[PDB]
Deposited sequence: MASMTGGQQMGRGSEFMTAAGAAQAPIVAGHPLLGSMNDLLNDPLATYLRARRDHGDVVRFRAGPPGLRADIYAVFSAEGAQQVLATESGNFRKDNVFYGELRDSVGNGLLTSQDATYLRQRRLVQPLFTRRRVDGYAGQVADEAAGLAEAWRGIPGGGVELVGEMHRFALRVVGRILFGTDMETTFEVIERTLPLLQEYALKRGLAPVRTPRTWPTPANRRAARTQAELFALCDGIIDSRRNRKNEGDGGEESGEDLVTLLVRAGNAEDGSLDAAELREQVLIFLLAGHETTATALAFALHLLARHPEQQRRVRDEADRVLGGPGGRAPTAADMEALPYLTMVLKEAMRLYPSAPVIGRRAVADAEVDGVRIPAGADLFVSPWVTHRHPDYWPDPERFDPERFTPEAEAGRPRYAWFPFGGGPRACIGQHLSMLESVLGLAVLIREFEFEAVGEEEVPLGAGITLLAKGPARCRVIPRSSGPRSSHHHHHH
């Protein structure tokens, strides 16, 4: 009964190669509009790469990530390039290797443990507010500012008091390593990393610098409510059935927490603020809520308990992640033949599900380009399929850092909203690109007007 997937319209020789280089996100949206919810992207010339399938329905995303998750593995080439760059930690590992890591790391990400990091988030957000009050011109570029803030937040939680000493190195090296692996990962032709090309030599130096830094911090904590940092918790990980992580395993988990938690949260934070800067009525609503909860400009630090008291900001962040999903595609590889929405996905095919497309699917989202936090009332959520929204994925390999990201984002943004008015400036439309991560192709310019002189004793 299963139909052949339609080939997305492209170049007669080169298939979708030029369209995916120039504008992948528009290409994905066109693919759904013209060809349906299960499609295939063809490369050219023939033989360069097998056809890549895509699944855009909420039902199909649930099937691939959850219902039939065992048939859709992390066997894409780009996963192997990530393993080669950061080790085979929680995001890339599979089978028994993954089950050991999950048993050892899931305890570190209980709601209560993650909540204990609220003061680190609050403190870093107060530090950013102090920095912004200090800008003579009152102007920022939100992509860059949130890239820096999000790394400081995840660094504080991983390394505590040692965040400041290691920040510069991670800030400079981590992005270069990710670019090398993901660009290698998506390229149909690549060199062995053993070739001494300039790019391989540059990558090997960067990897060596970052590995030595991580190894030193980890070895320092190997001697080991609680404000304990996450590497200390990783060093302490263990149970009656699984012994502790070794040095190689500790390094691979520290690197994946940084990689998986830095730019993802940064993108959500930047665009939430940019959207509020372009939508004053929604900004007024979040300000009124933050002022009620924290007692206005110059008021108190937010706490973990305040998450339940900031529902509107929480809806704002969900809507920002609907429109600007940090993982716009999620890749898998089919083991055996499958059928999604009456369409065949053959054994061995690479495929992707797409928060980008599903978050804009007209079947689930009226006026899908419109920014509307009220889409995330409990009632509005019940009126759409479960996987209409899935920026953190879903099922057995869903983001372990979802709640942490929301603690960082809700508490961090509440401080900034308590302390600044945001005014968009310049070109307010931000062009986007994408690989497996969302790419800002323009600035999110913003004027930040202080609401107070900052903290004052009482």
Relative to the deposited sequence numbered from 1, which residue ranges are unmodelled? 1-20, 245-252, 487-492
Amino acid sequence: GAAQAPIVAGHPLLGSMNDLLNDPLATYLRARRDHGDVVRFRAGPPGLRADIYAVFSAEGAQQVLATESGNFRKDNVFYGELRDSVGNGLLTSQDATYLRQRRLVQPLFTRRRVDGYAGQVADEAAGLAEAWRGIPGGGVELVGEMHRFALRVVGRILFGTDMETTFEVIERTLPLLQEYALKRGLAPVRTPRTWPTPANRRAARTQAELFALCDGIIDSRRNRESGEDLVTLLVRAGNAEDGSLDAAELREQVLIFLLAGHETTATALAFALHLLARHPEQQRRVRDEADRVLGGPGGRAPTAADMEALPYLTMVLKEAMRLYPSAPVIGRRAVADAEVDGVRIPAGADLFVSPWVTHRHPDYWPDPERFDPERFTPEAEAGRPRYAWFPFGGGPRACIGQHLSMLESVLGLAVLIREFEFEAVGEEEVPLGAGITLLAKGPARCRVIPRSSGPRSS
From here on, numbers count along this sequence of modelled residues.
When the Cα temperature factors in the entry are averaged, is it 345-353 or 198-206 that ends up higher? 198-206
Residue stretch of maximal mean CA temperature factor, 423-431 vs 396-404: 423-431
From the list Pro45, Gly36, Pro391, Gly60, select the residue with the highest C-alpha B factor recorded in the entry. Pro45
Between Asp242, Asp115, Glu263, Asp372, let me know which has the highest C-alpha B-factor in the entry? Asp242
Classify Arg156 as lowest, middle or highest third according to the C-alpha B-factor given in the PDB entry, relative to its own chain. middle
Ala50 by Cα B-factor - lowest, middle or highest third of the modelled chain: highest
Report the third (lowest, middle or highest) to which the CA temperature factor of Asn76 belongs, ranking only the modelled residues of the same chain. middle
Rank-wise, by C-alpha B-factor, drop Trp365 into the lowest, middle or highest third of its chain. middle
Ranking the modelled residues of this chain by C-alpha B-factor as given in the entry, is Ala309 in the lowest, middle or highest third? middle
